[PDB]
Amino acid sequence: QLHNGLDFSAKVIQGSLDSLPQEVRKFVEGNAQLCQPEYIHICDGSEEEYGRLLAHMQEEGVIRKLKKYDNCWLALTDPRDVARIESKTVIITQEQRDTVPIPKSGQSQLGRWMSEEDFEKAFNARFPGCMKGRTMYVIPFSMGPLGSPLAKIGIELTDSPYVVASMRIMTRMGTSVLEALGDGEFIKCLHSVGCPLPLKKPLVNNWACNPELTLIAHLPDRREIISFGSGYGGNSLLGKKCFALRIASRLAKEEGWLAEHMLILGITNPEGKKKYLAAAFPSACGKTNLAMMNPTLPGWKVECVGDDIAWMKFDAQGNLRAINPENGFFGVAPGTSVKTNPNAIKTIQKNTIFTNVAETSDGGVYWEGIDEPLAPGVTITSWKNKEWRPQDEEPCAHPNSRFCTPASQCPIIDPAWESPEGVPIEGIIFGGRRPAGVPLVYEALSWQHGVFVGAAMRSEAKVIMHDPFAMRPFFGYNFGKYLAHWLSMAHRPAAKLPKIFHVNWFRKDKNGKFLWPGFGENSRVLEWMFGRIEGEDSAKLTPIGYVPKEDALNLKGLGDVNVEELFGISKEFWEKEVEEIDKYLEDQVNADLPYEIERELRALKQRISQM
């Protein structure tokens, strides 16, 4: 160089730019030149670093220590920055059709495309100088067990220590990742809260964000994730949704594998047999509940591999092998109780960061549906930092409030949850919240029918909406092409295609009362699936697929469960259902709907027409 402007060595407060692989230095230094951070901190992922970072956030008023627990912390956000924001989440490709099918109605529910030229303008209006007066943290992270053949590495730059702490929990991060990477490829992840110093606008609740300029972008062809303006969860912790679902699903398409919005659990029966199952559910359908369920059936065990995301690839033997690419759980707090999720309660009592929950007088946590009384004298501070009484109209915790907790701490974490080869998936479960019409459990008639069942997924938001594969907000590319990708798995010689099931825990009677007790009782449905995978003759054929035979389900210990209503299938309901599915698929998928999905649709309408 001719002057002193391109070498950022003098500003490195941890690590060394010289030590980084060539491409990692270029990524760091080039974005330092653009964002103008005061300091550069190359994260080592050590306990020392983590402790120091947390104490600093505490010293700044960014987080509070929760004194009741072992090393637990609370962040309360600006009320404007409280969730993943779909409307400001976009994917950039040369052609719109590579990102979303072109809808007949003109508005796609299946993603949000932005042109390269539009994004460049948006980028230029946000990032130049954005980290002025702040530290740029460099987070080297692995998605998946370090050195799993299914693992992928990222480098996230961020000006938020909250993101650093949370990424330590949610990914494998630090020096060993940099050493594992070498000169290999990595996903480029750029994040800024968008508040350069001196601050141009008021800081609310010591929580830096820029709501008006919030934009979460994915550029799969450039292997880049670029996120600006939000410090919250899926917007800022770039490994989780942006990388592990959006970028990864496109990589999966390119490379022959699957990046899915699925829990992974291992279930052991009383005959000492173990099987792994994956499950894709939409929001508020008991996903974490199922992943760390304690079964009510004696002699059965459930163990948790992951509660959110699965990366799956068929091996040389034809087994569908899955890994959890995450290193922790980022769960919705409200509704987490000893009765709904006792294992979550045990997990989150130490080494956990909470966001937007209430705090009790003795330094504990509180939220709606915690179902745990407080001793007289103990008072509650809401997530809005105000004194709170259960007589108030507003909740003590934000509905989207979170815990962020180490996976290793789950008392029923699966012994193979970090196995680099992954676990063999023998069943895949789709499901949604449906008050009417949809039986407790059915089984797809074939792989193609199963792909159709995923494609047709609907769930009560009240309004029933489509969430195919529970991937609606997360498709990395054209949904029609994603369906074709799924269907292509049947044409792999020797592929062992898992059995596909659909579940509905949420069927109500004519009064609005749930017909199924759920929770640990769901083990009875898992038992049925287990037997079906073993080839048990325990099914009855219906127009929608296989259901449990009369007396096939274990209902002992339950009272009088209304099986007729729970498993009832109405021609009138399913006529309406199939018509709605048809209209949705025609509109939203159009020219990109695979022939086999059109065929399954026709086949279902025909079976229904014959009842």
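Just count from 1 along the sequence shown to find any residue number. Only the largest set of C-alpha atoms that superpose within 1.5 Å between the two forms is called the rigid core.
Problem - Stretch with larger C-alpha RMS deviation in 8 other deposited structures of this protein, core superposed, 39 to 47 versus 551 to 559 - result: Output: 551 to 559, the stretch lying farther off on average in 8 other deposited structures of this protein.
Handout entry: Which of 286 to 294 and 161 to 169 lies farther from this form in 8 other deposited structures of this protein, as RMS of C-alpha positions after a rigid core fit
Key = Of the two stretches, the larger average C-alpha offset in 8 other deposited structures of this protein falls on 286 to 294.
Handout entry: Deposited residues lacking coordinates between residue 461 and residue 462 (none, 1 to 3, 4 to 9, 10 or more)
Key = Gap between residue 461 and residue 462: 4 to 9 unmodelled residues.
Practice task
Could you check the entry and say whether 378 to 386 or 163 to 171 has the higher mean CA B-factor?
Solution key: Higher of the two, by average CA B-factor, is 378 to 386.
Practice task
Name the higher of the two by mean Cα B-factor in the PDB entry, 319 to 327 versus 281 to 289.
Solution key: Per the deposited B-factors, the answer is 281 to 289.
Exercise for the section: Identify, among 395, 531, 422, 427, the residue whose C-alpha carries the highest B-factor in the deposited PDB entry. Expected result: Top of the list by C-alpha B-factor: 395.
Problem - Top residue by Cα temperature factor, when 75, 484, 204, 541 are compared in the entry - result: Going by the entry's C-alpha B-factors, 204 comes out highest.
Exercise for the section: Divide the modelled residues of the chain into thirds by Cα B-factor and specify which third, lowest, middle or highest, holds residue 270. Expected result: Lowest third, going by the recorded CA B-factors of the chain.
Problem - Modelled-residue ranking by C-alpha temperature factor, third containing residue 604 - result: Ranked within chain, residue 604 CA B lands in the lowest tercile.
Exercise for the section: Among all modelled residues of this chain, ranked by Cα B factor, put residue 527 in the bottom, middle or top third, i.e. lowest, middle or highest. Expected result: It belongs to the lowest third of the chain when residues are ordered by C-alpha B-factor.
Practice task
Pull the Cα B-factor of residue 177 out of the PDB entry and bin it into the chain's lowest, middle or highest third.
Solution key: Answer is highest: the recorded C-alpha B-factor places it there.
Exercise for the section: Looking at the entry's B-factor column for C-alpha atoms only, identify whether residue 556 ranks in the lowest, middle or highest third of its chain. Expected result: Highest third.
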